[PDB]
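Contents: one structure, followed by commentary.
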Amino acid sequence: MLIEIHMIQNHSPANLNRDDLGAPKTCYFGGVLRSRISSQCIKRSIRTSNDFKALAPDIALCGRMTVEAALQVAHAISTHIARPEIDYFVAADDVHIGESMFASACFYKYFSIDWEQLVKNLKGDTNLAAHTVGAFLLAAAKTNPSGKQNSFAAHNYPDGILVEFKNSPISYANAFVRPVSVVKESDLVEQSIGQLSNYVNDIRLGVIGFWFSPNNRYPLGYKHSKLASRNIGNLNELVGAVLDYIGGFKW
Amino acid sequence: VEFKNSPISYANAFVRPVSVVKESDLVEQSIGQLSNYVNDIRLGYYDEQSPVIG
Amino acid sequence: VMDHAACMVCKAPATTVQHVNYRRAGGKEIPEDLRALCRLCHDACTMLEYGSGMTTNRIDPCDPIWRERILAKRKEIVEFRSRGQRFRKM
Amino acid sequence: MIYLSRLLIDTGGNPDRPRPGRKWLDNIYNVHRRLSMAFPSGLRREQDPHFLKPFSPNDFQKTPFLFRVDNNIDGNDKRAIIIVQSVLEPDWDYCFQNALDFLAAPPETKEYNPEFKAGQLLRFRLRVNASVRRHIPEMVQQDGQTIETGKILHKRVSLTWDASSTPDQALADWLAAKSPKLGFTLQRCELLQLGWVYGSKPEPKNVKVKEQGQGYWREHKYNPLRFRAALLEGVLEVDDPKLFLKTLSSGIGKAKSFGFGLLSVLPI
Amino acid sequence: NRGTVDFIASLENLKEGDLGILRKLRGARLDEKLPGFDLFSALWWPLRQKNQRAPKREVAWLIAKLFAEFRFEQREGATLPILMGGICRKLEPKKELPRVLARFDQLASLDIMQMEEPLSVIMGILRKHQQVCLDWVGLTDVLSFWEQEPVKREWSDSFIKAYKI
RNA sequence: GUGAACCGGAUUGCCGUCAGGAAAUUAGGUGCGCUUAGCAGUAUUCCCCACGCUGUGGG
Ligand SMILES: [Mg+2]
């Protein structure tokens with residue numbers, strides 16, 4: 001059984017990951033250029049952080065030197081066309097013009113957890129496997145890369161999570177083939193979550209899922225569809241729901 | 001003003017642009033949208049073991 | 001029929017209908033988004049919504065907080081309107 | 001006791017402006033209803049003091065009141081006068097709290113305890129419903145040729161005089177034929193103003209069964225209301241005490257729910 | 001689209017007094033003045049009863065204001081990003097061309113409630129450069145969907161193609 | 001369980017000092033909204049109940 005986490009978050013003007021020339025990392029999707037944050041950034045972003053440190057843990061989850069790690073992280077991708085910009089800065093003497101650059105985008109992320117490998121790596125432990133899964137959930141919901149954060153204080157918090165228990169690993173990145181155009185009667189986040197809605201409404205017509213949104217801000221689906229099993233209003237409650245669907249489990 | 005253990009930025013209250021209507025002004029609607037986002041985050045990601053005030 | 005053909009603010013007979021919200025349009029219409037008001041109240045609440053930008057939820061004549069604004073607007077309408085301009089439509 | 005009230009309506013000024021109070025007087029069902037919400041239920045006035053809820057007939061108390069409408073009072077302004085007589089205290093601040101543009105003056109109320117002696121000269125003003133129930137055969141169609149059908153109709157029509165008598169004499173005879181039972185005798189009675197009154201009324205009618213059930217869809221259908229009116233003024237003398245008081249606050253003619261019986265009495 | 005065409009026809013059916021009354025109400029909303037509201041209602045509301053895709057109240061009010069001010073003749077094929085583009089060539093490439101171009105590209109940062117004065121000065125430079133024809137229907141149909149990228153994407157494209165000729 | 005498995009491009013930076021769009025313009029010349037209309041001296045007043053072969057009571 002695989003536990004799959006769907007992740008939509010908005011981010012302020014900053015530069016978390018850069019290449020050798022310094023540019024914001026960028027992939028190609030849907031006929032245009034996409035803003036990109038590496039999966040090997042979210043790893044060593046969540047990993048070795050203080051909030052996550054709460055048989056040995058953090059080895060069965062993410063490996064180090066035939067460890068067979070049971071967590072897989074994918075490349076975050078923007079839901080609109082990448083729009084880079086370059087800032088001009090000068091230096092003082094208090095007694096020449098350079099260039100820095102930045103990008104702003106809303107990213108979709110995707111998390112997958114293998115339960116059987118996690119239990120096998122726990123030497124038969126089961127409460128510890130669910131404990132580590134919960135720990136990774138609370139870490140991943142509240143972790144950012146430590147990029148150029150002193151100058152661009154990018155400390156945004158998410159806007160929707162849907163969790164899945166499907167039979168085989170499948171992402172929803174193909175929902176963002178068409179780039180999102182902002183209309184007057186909506187915003188970027190609402191249209192992104194609607195594009196996520198009109199790809200889970202399909203497939204079944206053509207499994208279950210727990211959904212959470214903070215104080216139920218941007219409800220999944222723009223009708224009364226049952227595209228998500230339950231809609232919840234807390235991060236702890238969503239984690240407890242995940243543990244409850246795994247089995248009798250208290251947080 | 002606020003006090004945390006973890007940095008939380010509230011810039012996303014203004015993802016939707018603010019359109020001036022005949023009743024209010026830009027300032028009141030800006031702080032109202034900020035209050036709405038602050039209320040929603042306070043009622044959202046909230047842990048009893050480390051409560052916050054401001 | 002339900003409102004007994006009486007206005008909801010001033011109780012004169014009812015001719016038009018205002019929409020409390022626009023959640024469903026055209027195909028589906030539950031008769032709880034609709035209230036019966038007369039011409040002056042319809043025009044007053046219509047002019048209260050020219051630049052409001054509230055889109056979904058519109059003005060509720062049952063809620064007392066709008067009554068004092070609506071009556072002043074109606075006083076303005078009675079003070080200013082020309083009947084002969086409404087007739088002979090140019 | 002007996003409670004009398006007065007309402008004043010402008011009915012004039014600039015014709016080019018909206019005049020809702022002037023518009024309210026064209027229909028007698030609307031006038032009667034507007035006077036009729038003046039008495040809420042002990043529970044209703046605690047539920048909506050603002051009178052901002054759907055109006056239903058069942059949440060208001062029932063009382064057979066009487067009223068008349070008069071006009072032509074000068075003083076460089078035009079006025080319309082409604083006089084309401086009732087056996088309960090009217091609540092004029094609840095009926096018109098969102099309709100102040102109807103009236104050119106705030107309402108007034110006062111008590112009325114009329115005590116009389118027998119054989120007293122009294123001045124009265126009354127508008128009477130001149131109606132007689134008659135047997136009528138049935139004419140249909142009249143498409144250039146009259147078609148007769150054997151059904152005989154029992155219907156309420158106006159009183160008819162002959163070609164050789166004045167209307168005032170026949171009206172006085174019709175009133176003196178009835179005055180012994182009420183408790184009064186005439187000496188003079190003249191006709192002031194005779195005419196008709198029109199009214200229209202909502203009536204629910206079934207249209208289609210609901211797909212989800214539990215009732216119908218319904219549609220309002222409107223039925224005409226025609227009555228005959230004749231306004232009279234004169235001098236009467238009393239014949240019995242508890243009998244003249246039996247005449248008052250009960251009515252003299254018919255159609256009393258639409259303001260067709262009201263005795264306005266002055267001791268001359 | 002139908003409903004627009006009758007709206008523009010009813011705008012052209014107006015007489016001197018109606019054009020003056022919509023002229024005096026420039027730079028304002030409708031709810032303040034009652035004769036303007038009544039005239040706009042009598043000219044607009046039957047079309048909204050009959051046709052569902054009749055113009056919105058704000059866009060119809062704005063187009064009524066602009067037609068009352070400028071009174072251009074309706075003719076197909078005289079749309080705004082063509083006459084802009086046919087006009088821009090007759091100016092000095094060093095100084096006046098960026099000046100006109102900035103005022104033309106300022107429209108992509110303004111809302112329909114804020115798009116009365118830039119349109120006023122743009123039709124002003126038309127009236128200064130001796131033009132009598134303008135496609136009002138196309139302008140109404142693009143203003144009704146002004147908040148979409150392909151509409152302003154085909155805006156300046158019609159411009160570039162008229163300017164390059 | 002794949003030229004695969006383990007895998008942050010990170011730390012530093014005020015665009016700050018200088019400016020009148022200015023001189024001058026009548027939107028004036030002509031037009032009748034005109035010929036018409038009792039809220040009353042009648043011969044069915046839309047519905048319902050009760051009593052007799054028109055008189056009360058309710059819409
Ligand atoms: Mg009303």
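Labels for the structure tokens follow display order: chains A, B, ..., residues from 1 in each chain, ligands from 1.
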
Exercise. Collect all residues with atoms no farther than 12 Å from ligand 1, counting only C-alpha atoms (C1' of nucleotides) and all ligand atoms, and output them as a PyMOL selection string.
Key: (chain C and resi 5-18+35-45+61-62+67+70-71+73-75) or (chain D and resi 20+52+98-99+101)

Practice problem: Would you return as a PyMOL selection string the members of chain E that DSSP assigns to alpha helix (DSSP H) on this structure's backbone? | Solution: chain E and resi 4-12+16-24+34-50+57-70+80-86+96-105+117-128+136-143+149-153+155-164

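Between atom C1' of residue F:9 and atom CA of residue A:18 lies a distance of 6.3 Å.
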
Would you mind listing, as a short mmCIF file (atom, residue, chain, number, x, y, z; two decimals) with N, CA, C and O atoms, in the first residue's frame, all residues of chain C that have at least one atom within 10 Å of chain E, where only C-alpha atoms are what counts?
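Listing of out-v1.cif after writing:
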data_model
loop_
_atom_site.label_atom_id
_atom_site.label_comp_id
_atom_site.auth_asym_id
_atom_site.auth_seq_id
_atom_site.Cartn_x
_atom_site.Cartn_y
_atom_site.Cartn_z
N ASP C 43 -35.42 49.25 -7.94
CA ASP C 43 -34.50 50.25 -8.47
C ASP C 43 -33.50 50.70 -7.40
O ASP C 43 -32.33 50.93 -7.70
N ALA C 44 -33.95 50.81 -6.14
CA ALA C 44 -33.05 51.22 -5.07
C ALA C 44 -31.96 50.18 -4.83
O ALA C 44 -30.77 50.52 -4.76
N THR C 46 -31.05 47.99 -6.94
CA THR C 46 -30.25 47.93 -8.16
C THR C 46 -29.16 48.99 -8.15
O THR C 46 -28.01 48.72 -8.54
N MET C 47 -29.49 50.20 -7.71
CA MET C 47 -28.49 51.26 -7.64
C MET C 47 -27.53 51.08 -6.47
O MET C 47 -26.44 51.65 -6.49
N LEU C 48 -27.91 50.30 -5.46
CA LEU C 48 -26.97 49.96 -4.40
C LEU C 48 -25.90 48.96 -4.84
O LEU C 48 -24.92 48.77 -4.11
N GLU C 49 -26.05 48.33 -6.01
CA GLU C 49 -25.15 47.28 -6.46
C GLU C 49 -24.38 47.65 -7.72
O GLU C 49 -23.89 46.76 -8.42
N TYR C 50 -24.27 48.94 -8.04
CA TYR C 50 -23.61 49.31 -9.29
C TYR C 50 -22.09 49.17 -9.19
O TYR C 50 -21.44 48.81 -10.18
N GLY C 51 -21.52 49.47 -8.04
CA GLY C 51 -20.08 49.41 -7.89
C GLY C 51 -19.62 48.70 -6.63
O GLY C 51 -18.61 49.08 -6.04
N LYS C 73 -32.41 55.95 -0.09
CA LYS C 73 -32.33 55.86 -1.54
C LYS C 73 -33.71 56.01 -2.17
O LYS C 73 -33.85 56.65 -3.22
N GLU C 76 -34.62 59.56 -2.17
CA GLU C 76 -33.94 60.18 -3.29
C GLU C 76 -34.66 59.92 -4.61
O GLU C 76 -34.81 60.82 -5.44
N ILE C 77 -35.13 58.68 -4.80
CA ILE C 77 -35.79 58.31 -6.05
C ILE C 77 -37.11 59.06 -6.20
O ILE C 77 -37.41 59.61 -7.27
N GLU C 79 -37.75 61.92 -4.76
CA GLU C 79 -37.38 63.31 -4.93
C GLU C 79 -36.97 63.66 -6.36
O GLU C 79 -37.29 64.76 -6.83
N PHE C 80 -36.28 62.75 -7.06
CA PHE C 80 -35.57 63.12 -8.28
C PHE C 80 -36.14 62.57 -9.57
O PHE C 80 -35.95 63.19 -10.62
N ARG C 81 -36.84 61.43 -9.54
CA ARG C 81 -37.19 60.72 -10.77
C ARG C 81 -38.22 61.48 -11.59
O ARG C 81 -39.16 62.07 -11.05
N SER C 82 -38.03 61.46 -12.91
CA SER C 82 -39.02 61.96 -13.85
C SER C 82 -39.75 60.77 -14.46
O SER C 82 -39.13 59.90 -15.08
N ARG C 83 -41.07 60.72 -14.26
CA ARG C 83 -41.88 59.65 -14.83
C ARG C 83 -41.89 59.70 -16.35
O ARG C 83 -41.77 58.66 -17.01
N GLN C 85 -39.74 60.52 -18.47
CA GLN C 85 -38.54 59.96 -19.08
C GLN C 85 -38.59 58.44 -19.14
O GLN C 85 -38.04 57.84 -20.06
N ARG C 86 -39.22 57.81 -18.15
CA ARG C 86 -39.35 56.36 -18.14
C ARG C 86 -40.30 55.89 -19.24
O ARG C 86 -39.97 54.98 -20.01
N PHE C 87 -41.47 56.50 -19.33
CA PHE C 87 -42.34 56.39 -20.49
C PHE C 87 -41.70 57.11 -21.67
O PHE C 87 -40.76 57.89 -21.51
N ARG C 88 -42.24 56.85 -22.86
CA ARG C 88 -41.73 57.40 -24.12
C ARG C 88 -40.24 57.09 -24.27
O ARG C 88 -39.40 57.99 -24.23
N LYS C 89 -39.91 55.80 -24.39
CA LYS C 89 -38.53 55.37 -24.20
C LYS C 89 -37.62 55.91 -25.30
O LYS C 89 -37.64 55.43 -26.43
N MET C 90 -36.82 56.92 -24.96
CA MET C 90 -35.76 57.38 -25.85
C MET C 90 -34.40 56.85 -25.39
O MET C 90 -34.31 56.10 -24.42
#

Quiz item: Residues of chain C in strand (DSSP E or B) according to DSSP, as number ranges by chain?
Solution: C: 6, 13, 16-19, 21, 34-37, 57

I need the residues from that last selection saved to file as a compact mmCIF listing (two decimals), in the first residue's frame (with N, CA and C atoms), if you can.
# COMPACT_ATOMS: atom_id res chain seq x y z
N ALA C 6 -46.85 40.80 -1.76
CA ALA C 6 -46.55 41.96 -0.95
C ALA C 6 -45.05 42.18 -0.92
N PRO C 13 -47.90 45.98 -3.17
CA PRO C 13 -47.89 44.74 -3.94
C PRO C 13 -46.60 44.44 -4.67
N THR C 16 -41.80 42.65 -9.26
CA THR C 16 -40.55 42.06 -9.70
C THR C 16 -40.00 41.12 -8.63
N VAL C 17 -38.79 40.63 -8.88
CA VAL C 17 -38.10 39.71 -7.99
C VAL C 17 -36.61 40.04 -8.00
N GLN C 18 -35.99 40.09 -6.83
CA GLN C 18 -34.54 40.20 -6.72
C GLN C 18 -33.91 38.90 -6.28
N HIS C 19 -32.67 38.70 -6.72
CA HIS C 19 -31.93 37.46 -6.49
C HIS C 19 -30.99 37.68 -5.31
N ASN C 21 -28.75 35.50 -4.03
CA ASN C 21 -27.43 35.06 -4.47
C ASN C 21 -27.54 34.37 -5.82
N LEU C 34 -34.89 34.06 -4.01
CA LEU C 34 -35.74 35.06 -4.64
C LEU C 34 -36.69 35.66 -3.62
N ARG C 35 -36.84 36.98 -3.67
CA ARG C 35 -37.75 37.70 -2.80
C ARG C 35 -38.57 38.66 -3.64
N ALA C 36 -39.78 38.95 -3.19
CA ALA C 36 -40.71 39.78 -3.95
C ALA C 36 -40.66 41.22 -3.46
N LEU C 37 -40.29 42.14 -4.35
CA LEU C 37 -40.33 43.57 -4.06
C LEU C 37 -40.95 44.31 -5.23
N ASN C 57 -23.19 37.07 -3.24
CA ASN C 57 -24.23 37.42 -2.29
C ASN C 57 -24.68 38.85 -2.51

Practice problem: Give me, as a PyMOL selection string, the contact residues of chain A against chain B at a cut-off of 8 Å, counting only C-alpha atoms. | Solution: chain A and resi 10-12+153-157+186-189+213-215+217+233-236

Quiz item: What is the distance, in Å and to one decimal place, between atom CA of residue D:231 and atom CA of residue D:67?
Solution: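 Answer for the atom CA of residue D:231 to atom CA of residue D:67 separation: 13.4 Å.
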
Exercise. Would you mind listing what lies within 12 Å of residue B:20 as a PyMOL selection string, with only C-alpha atoms (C1' of nucleotides) counted and same-chain residues fewer than 3 positions away left out?
Key: (chain B and resi 17+23-30) or (chain C and resi 51-54) or (chain E and resi 110-114)

Practice problem: Would you mind listing what lies within 12 Å of residue D:221 as JSON, numbers by chain, with only C-alpha atoms (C1' of nucleotides) counted and same-chain residues fewer than 4 positions away left out? | Solution: {"C": [1, 4, 5], "D": [200, 201, 202, 203, 204, 205, 206, 207], "F": [46]}

Kindly save the residues from that selection, with N, CA and C atoms (P, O5', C5', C4', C3', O3' and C1' of nucleotides) included, as a PDB file, in the first residue's frame.
ATOM      1  N   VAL C   1     -46.609  33.938  -5.381  1.00  0.00           N
ATOM      2  CA  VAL C   1     -47.715  33.340  -4.635  1.00  0.00           C
ATOM      3  C   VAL C   1     -47.376  33.254  -3.148  1.00  0.00           C
ATOM      4  N   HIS C   4     -47.607  36.331  -0.887  1.00  0.00           N
ATOM      5  CA  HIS C   4     -48.951  36.909  -0.967  1.00  0.00           C
ATOM      6  C   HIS C   4     -48.956  38.230  -1.732  1.00  0.00           C
ATOM      7  N   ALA C   5     -48.021  38.360  -2.678  1.00  0.00           N
ATOM      8  CA  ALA C   5     -47.880  39.528  -3.548  1.00  0.00           C
ATOM      9  C   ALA C   5     -47.751  40.819  -2.743  1.00  0.00           C
TER      10      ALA C   5
ATOM     11  N   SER D 200     -59.222  44.370  -7.140  1.00  0.00           N
ATOM     12  CA  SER D 200     -58.600  43.176  -7.688  1.00  0.00           C
ATOM     13  C   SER D 200     -57.891  42.431  -6.569  1.00  0.00           C
ATOM     14  N   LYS D 201     -57.826  41.107  -6.687  1.00  0.00           N
ATOM     15  CA  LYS D 201     -57.459  40.273  -5.556  1.00  0.00           C
ATOM     16  C   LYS D 201     -56.664  39.055  -6.008  1.00  0.00           C
ATOM     17  N   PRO D 202     -55.532  38.761  -5.372  1.00  0.00           N
ATOM     18  CA  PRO D 202     -54.804  37.528  -5.683  1.00  0.00           C
ATOM     19  C   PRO D 202     -55.552  36.296  -5.196  1.00  0.00           C
ATOM     20  N   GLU D 203     -55.539  35.255  -6.026  1.00  0.00           N
ATOM     21  CA  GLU D 203     -56.148  33.975  -5.708  1.00  0.00           C
ATOM     22  C   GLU D 203     -55.256  32.875  -6.266  1.00  0.00           C
ATOM     23  N   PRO D 204     -54.777  31.965  -5.420  1.00  0.00           N
ATOM     24  CA  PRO D 204     -53.887  30.904  -5.904  1.00  0.00           C
ATOM     25  C   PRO D 204     -54.627  29.865  -6.735  1.00  0.00           C
ATOM     26  N   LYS D 205     -53.930  29.342  -7.743  1.00  0.00           N
ATOM     27  CA  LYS D 205     -54.475  28.353  -8.662  1.00  0.00           C
ATOM     28  C   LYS D 205     -53.391  27.347  -9.014  1.00  0.00           C
ATOM     29  N   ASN D 206     -53.760  26.070  -9.040  1.00  0.00           N
ATOM     30  CA  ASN D 206     -52.803  25.004  -9.297  1.00  0.00           C
ATOM     31  C   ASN D 206     -52.394  24.969 -10.765  1.00  0.00           C
ATOM     32  N   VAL D 207     -51.129  24.617 -11.005  1.00  0.00           N
ATOM     33  CA  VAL D 207     -50.584  24.585 -12.358  1.00  0.00           C
ATOM     34  C   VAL D 207     -49.964  23.225 -12.661  1.00  0.00           C
TER      35      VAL D 207
ATOM     36  P     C F  46     -70.297  39.461 -12.187  1.00  0.00           P
ATOM     37  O5'   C F  46     -69.008  38.805 -11.522  1.00  0.00           O
ATOM     38  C5'   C F  46     -68.289  37.773 -12.178  1.00  0.00           C
ATOM     39  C4'   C F  46     -67.284  37.131 -11.254  1.00  0.00           C
ATOM     40  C3'   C F  46     -67.856  36.290 -10.125  1.00  0.00           C
ATOM     41  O3'   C F  46     -68.266  34.996 -10.528  1.00  0.00           O
ATOM     42  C1'   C F  46     -66.195  37.717  -9.258  1.00  0.00           C
TER      43        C F  46
END

Quiz prompt | Residue neighbourhood stretch 80-89 of chain E, 6 Å, only C-alpha atoms (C1' of nucleotides), exclusion window fewer than 2 positions, as a PyMOL selection string | solution = chain E and resi 91+158-159+162-163

Just write the chosen residues, N, CA, C and O atoms, as a PDB file, in the first residue's frame.
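File result26.pdb, as written:
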ATOM      1  N   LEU E  91       5.065  59.921 -37.358  1.00  0.00           N
ATOM      2  CA  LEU E  91       5.734  60.621 -36.272  1.00  0.00           C
ATOM      3  C   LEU E  91       7.236  60.370 -36.315  1.00  0.00           C
ATOM      4  O   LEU E  91       7.719  59.449 -36.977  1.00  0.00           O
ATOM      5  N   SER E 158      -2.752  43.189 -33.830  1.00  0.00           N
ATOM      6  CA  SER E 158      -3.365  43.894 -34.916  1.00  0.00           C
ATOM      7  C   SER E 158      -2.574  45.179 -35.083  1.00  0.00           C
ATOM      8  O   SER E 158      -2.343  45.618 -36.207  1.00  0.00           O
ATOM      9  N   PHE E 159      -2.147  45.789 -33.975  1.00  0.00           N
ATOM     10  CA  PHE E 159      -1.337  47.015 -34.032  1.00  0.00           C
ATOM     11  C   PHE E 159      -0.019  46.817 -34.773  1.00  0.00           C
ATOM     12  O   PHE E 159       0.269  47.526 -35.728  1.00  0.00           O
ATOM     13  N   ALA E 162      -0.575  46.462 -38.433  1.00  0.00           N
ATOM     14  CA  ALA E 162      -0.943  47.696 -39.119  1.00  0.00           C
ATOM     15  C   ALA E 162       0.216  48.688 -39.149  1.00  0.00           C
ATOM     16  O   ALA E 162       0.337  49.477 -40.093  1.00  0.00           O
ATOM     17  N   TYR E 163       1.076  48.663 -38.127  1.00  0.00           N
ATOM     18  CA  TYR E 163       2.191  49.603 -38.067  1.00  0.00           C
ATOM     19  C   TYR E 163       3.292  49.228 -39.051  1.00  0.00           C
ATOM     20  O   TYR E 163       3.917  50.107 -39.657  1.00  0.00           O
TER      21      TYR E 163
END

Quiz item: So, counting only C-alpha atoms, which residue among C:55, C:26, C:2, C:32 is closest to chain A?
Solution: C:55

Mind running chain E against chain A at 10 Å and telling me each contacting residue's nearest atom pair with the distance in Å (one decimal), counting only C-alpha atoms, chain and number ascending, as a Markdown table?
| residue | atom | partner | partner_atom | distance |
| --- | --- | --- | --- | --- |
| E:111 | CA | A:184 | CA | 9.5 |
| E:145 | CA | A:183 | CA | 9.5 |
| E:146 | CA | A:184 | CA | 9.3 |
| E:147 | CA | A:184 | CA | 5.9 |
| E:148 | CA | A:183 | CA | 6.2 |
| E:149 | CA | A:181 | CA | 7.2 |
| E:150 | CA | A:181 | CA | 9.6 |

Take the residues from that selection and write them out as a CSV table (one decimal), in the first residue's frame, keeping N, CA and C atoms.
chain,number,residue,atom,x,y,z
E,111,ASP,N,-8.3,48.8,-15.2
E,111,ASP,CA,-9.5,48.1,-15.1
E,111,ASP,C,-10.6,48.8,-15.8
E,145,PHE,N,-14.5,41.1,-22.5
E,145,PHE,CA,-13.5,40.1,-22.2
E,145,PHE,C,-12.1,40.6,-22.0
E,146,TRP,N,-12.0,41.9,-21.6
E,146,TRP,CA,-10.7,42.6,-21.5
E,146,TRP,C,-9.8,41.9,-20.5
E,147,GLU,N,-10.3,41.1,-19.6
E,147,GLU,CA,-9.5,40.5,-18.6
E,147,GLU,C,-8.9,39.2,-19.0
E,148,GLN,N,-8.8,38.9,-20.3
E,148,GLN,CA,-8.2,37.7,-20.8
E,148,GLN,C,-7.0,38.1,-21.6
E,149,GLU,N,-5.9,37.2,-21.5
E,149,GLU,CA,-4.6,37.5,-22.2
E,149,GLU,C,-4.8,37.4,-23.7
E,150,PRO,N,-5.4,36.4,-24.3
E,150,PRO,CA,-5.5,36.4,-25.8
E,150,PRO,C,-6.1,37.7,-26.4

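Counting only C-alpha atoms (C1' of nucleotides), stretch 44-50 of chain E has the following residues at most 10 Å away, ignoring those fewer than 6 positions along the same chain: residues 2, 3, 4, 6, 7, 10, 11, 38, 56, 57, 60 and 61 of chain E.
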
Keeping C-alpha atoms for every residue in the selection just given, could you write it to a file as a short mmCIF file (atom, residue, chain, number, x, y, z; two decimals), in the first residue's frame?
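Below you can see result.cif, which holds the result:
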data_model
loop_
_atom_site.label_atom_id
_atom_site.label_comp_id
_atom_site.auth_asym_id
_atom_site.auth_seq_id
_atom_site.Cartn_x
_atom_site.Cartn_y
_atom_site.Cartn_z
CA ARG E 2 -26.32 39.56 -31.56
CA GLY E 3 -27.53 41.87 -28.83
CA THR E 4 -24.40 43.94 -29.19
CA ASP E 6 -28.86 46.19 -31.50
CA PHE E 7 -27.17 47.97 -28.58
CA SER E 10 -29.90 51.93 -30.30
CA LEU E 11 -26.88 54.06 -29.43
CA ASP E 38 -33.40 55.75 -16.18
CA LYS E 56 -22.78 44.08 -18.67
CA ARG E 57 -24.06 47.23 -16.98
CA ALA E 60 -22.47 49.27 -21.58
CA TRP E 61 -22.42 52.43 -19.45
#

Practice problem: Find the residues of chain F in contact range of chain A, meaning any atom within 8 Å when counting only C-alpha atoms (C1' of nucleotides), and list them as a PyMOL selection string. | Solution: chain F and resi 5-10+13-15

Quiz item: Which residues come within 10 Å of residue D:268, counting only C-alpha atoms (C1' of nucleotides), excluding same-chain residues fewer than 6 positions away, as a ChimeraX atom specification?
Solution: /D:120-124,235-236
